[PDB]
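Colleague: Contents are PDB, N, CA and C atoms and all ligand atoms; file name coords17.pdb:
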```pdb
ATOM      1  N   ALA N   1      98.687  75.716 142.063  1.00  0.00           N
ATOM      2  CA  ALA N   1      98.202  76.475 140.898  1.00  0.00           C
ATOM      3  C   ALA N   1      99.360  76.739 139.908  1.00  0.00           C
ATOM      4  N   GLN N   2      99.007  77.364 138.737  1.00  0.00           N
ATOM      5  CA  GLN N   2      99.983  77.665 137.696  1.00  0.00           C
ATOM      6  C   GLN N   2      99.864  79.114 137.240  1.00  0.00           C
ATOM      7  N   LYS N   3     100.990  79.705 136.859  1.00  0.00           N
ATOM      8  CA  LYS N   3     101.004  81.093 136.422  1.00  0.00           C
ATOM      9  C   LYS N   3     100.488  81.248 134.998  1.00  0.00           C
ATOM     10  N   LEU N   4      99.608  82.227 134.816  1.00  0.00           N
ATOM     11  CA  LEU N   4      99.094  82.598 133.505  1.00  0.00           C
ATOM     12  C   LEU N   4      99.338  84.081 133.253  1.00  0.00           C
ATOM     13  N   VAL N   5      99.964  84.393 132.122  1.00  0.00           N
ATOM     14  CA  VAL N   5     100.317  85.767 131.791  1.00  0.00           C
ATOM     15  C   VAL N   5      99.366  86.356 130.757  1.00  0.00           C
ATOM     16  N   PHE N   6      98.963  87.607 130.960  1.00  0.00           N
ATOM     17  CA  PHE N   6      98.133  88.309 129.986  1.00  0.00           C
ATOM     18  C   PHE N   6      98.366  89.788 130.019  1.00  0.00           C
ATOM     19  N   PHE N   7      97.861  90.466 128.994  1.00  0.00           N
ATOM     20  CA  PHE N   7      98.030  91.908 128.824  1.00  0.00           C
ATOM     21  C   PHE N   7      96.707  92.638 129.052  1.00  0.00           C
ATOM     22  N   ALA N   8      96.746  93.714 129.836  1.00  0.00           N
ATOM     23  CA  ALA N   8      95.543  94.493 130.126  1.00  0.00           C
ATOM     24  C   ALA N   8      95.876  95.959 130.393  1.00  0.00           C
ATOM     25  N   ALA N   9      99.114 100.234 130.379  1.00  0.00           N
ATOM     26  CA  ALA N   9      98.613  98.869 130.662  1.00  0.00           C
ATOM     27  C   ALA N   9      99.688  98.038 131.396  1.00  0.00           C
ATOM     28  N   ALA N  10      99.398  96.753 131.545  1.00  0.00           N
ATOM     29  CA  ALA N  10     100.367  95.924 132.242  1.00  0.00           C
ATOM     30  C   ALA N  10     100.410  94.500 131.709  1.00  0.00           C
ATOM     31  N   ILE N  11     101.599  93.915 131.753  1.00  0.00           N
ATOM     32  CA  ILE N  11     101.782  92.485 131.555  1.00  0.00           C
ATOM     33  C   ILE N  11     101.633  91.839 132.923  1.00  0.00           C
ATOM     34  N   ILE N  12     100.585  91.043 133.083  1.00  0.00           N
ATOM     35  CA  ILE N  12     100.158  90.580 134.394  1.00  0.00           C
ATOM     36  C   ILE N  12     100.468  89.097 134.613  1.00  0.00           C
ATOM     37  N   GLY N  13     101.143  88.733 135.716  1.00  0.00           N
ATOM     38  CA  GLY N  13     101.388  87.340 136.058  1.00  0.00           C
ATOM     39  C   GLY N  13     100.490  86.887 136.973  1.00  0.00           C
ATOM     40  N   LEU N  14      99.422  86.250 136.504  1.00  0.00           N
ATOM     41  CA  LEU N  14      98.343  85.798 137.379  1.00  0.00           C
ATOM     42  C   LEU N  14      98.506  84.339 137.781  1.00  0.00           C
ATOM     43  N   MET N  15      98.226  84.035 139.044  1.00  0.00           N
ATOM     44  CA  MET N  15      98.230  82.655 139.518  1.00  0.00           C
ATOM     45  C   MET N  15      96.825  82.065 139.451  1.00  0.00           C
ATOM     46  N   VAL N  16      96.672  81.048 138.611  1.00  0.00           N
ATOM     47  CA  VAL N  16      95.399  80.372 138.427  1.00  0.00           C
ATOM     48  C   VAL N  16      95.475  79.002 139.078  1.00  0.00           C
TER      49      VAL N  16
HETATM   50 NA    NA J 101      92.342  95.780 127.800  1.00  0.00          NA
END
```
If you took the structure in this file and wrote it as structure tokens, what would it be?
Modeller:
Amino acid sequence: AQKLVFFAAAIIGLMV
């Protein structure tokens, strides 16, 4: 998988 970053607070490093 690959890391995807987004904002929701927190800056989140999600593994997709
Ligand atoms: Na939000």
Colleague: May I ask you to write as a VMD selection string all residues lying at most 12 Å from ligand NA 101 (chain J), with only C-alpha atoms and all ligand atoms counted?
Modeller: chain N and resid 6 to 12
Colleague: Which protein, DNA or RNA residues are at most 6.5 Å from (97.8, 79.1, 139.9) in the file's coordinates when you count all atoms listed in the file, listed as a PyMOL selection string?
Modeller: chain N and resi 1-4+14-16
Colleague: Could you give me, as a PyMOL selection string, each residue of chain N that DSSP assigns to strand (DSSP E) when run on this structure's backbone?
Modeller: chain N and resi 3-7+11-15
Colleague: Put the listed atoms of region 5-15 of chain N in a box along x, y and z with 5 Å added on every side and give me the centre and edge lengths in Å to one decimal, as JSON.
Modeller:
```
{"center_x": 98.7, "center_y": 91.1, "center_z": 134.2, "size_x": 16.2, "size_y": 28.2, "size_z": 20.7}
```
